[PDB]
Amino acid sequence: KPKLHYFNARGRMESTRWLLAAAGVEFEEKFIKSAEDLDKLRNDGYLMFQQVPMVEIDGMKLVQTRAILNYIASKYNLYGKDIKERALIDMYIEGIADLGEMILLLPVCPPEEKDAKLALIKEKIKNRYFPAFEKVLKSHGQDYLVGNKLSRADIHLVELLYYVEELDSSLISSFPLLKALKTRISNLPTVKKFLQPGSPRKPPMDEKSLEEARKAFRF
């Protein structure tokens, strides 16, 4: 079992939870709750750059979201059939990462900038990101983003579609193929399981969860 070291929160570990679950991989979690928990991880040499996320997997102690995700996707054949498909996957998911990052950091936005930043995220979703992925899907008409088979790109995108829905459910309304992809991926047995109550899937981060993490870093 892979062991995920993070707070009991989405943050920078949630995409890994999604990917592992989608891949049908059982995993364990060790939740950081105190500064002492982080002290131990840091002191035991568990964190290369003294940060989490960190995943213990196949004898490695992997930090950096992308190192973790790239390893898991390759292992479970969700990173395409070759270098060219991996390139398309990388391009798609890094756009997904860019949008993901804006939403992720939204609750730490300066209050006086919050209105404008939300308006910008929504604008970008409407005009930049959703059209881009809608375009890819219409280009080949296939059930999956790349190579006509399930890959990390479908998983990463659909995870993001759930977050966009949380933000504003109307944003996906003019994108039928994204909606269709959301439905298809959500019905894959592993993902259907992950979306159901009782799975390691984390709730939206509230102020309390945010502050507990800050206190743990003693910021």
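A residue's number is simply how far along the shown sequence it sits, counting from 1.
Undergrad: Return whichever of 110-118 and 83-91 has the greater mean Cα B factor according to the PDB record.
TA: Per the PDB entry, the higher value belongs to 110-118.
Undergrad: Mean CA temperature factor from the deposited coordinates, higher in 179-187 or in 41-49?
TA: Per the deposited B-factors, the answer is 41-49.
Undergrad: According to the PDB entry, is the CA B factor of residue 70 in the bottom, middle or top third of its chain, that is, lowest, middle or highest?
TA: According to the entry, residue 70 has a C-alpha B-factor in the chain's lowest third.
Undergrad: Going by the CA temperature factor in the PDB record, which third of the chain does residue 205 belong to: lowest, middle or highest?
TA: Answer is highest: the recorded C-alpha B-factor places it there.
Undergrad: Considering every modelled residue of the chain and its Cα B-factor in the PDB entry, is residue 103 in the lowest, middle or highest third?
TA: Answer is middle: the recorded C-alpha B-factor places it there.
Undergrad: Split into thirds by Cα B-factor across the chain's modelled residues, where does residue 160 land: lowest, middle or highest?
TA: Lowest third, going by the recorded CA B-factors of the chain.
Undergrad: Among the modelled residues of this chain, does the Cα B factor of residue 29 put it in the lowest, middle or highest third?
TA: Highest third - that is where residue 29 ends up once the chain's C-alpha B-factors are sorted.
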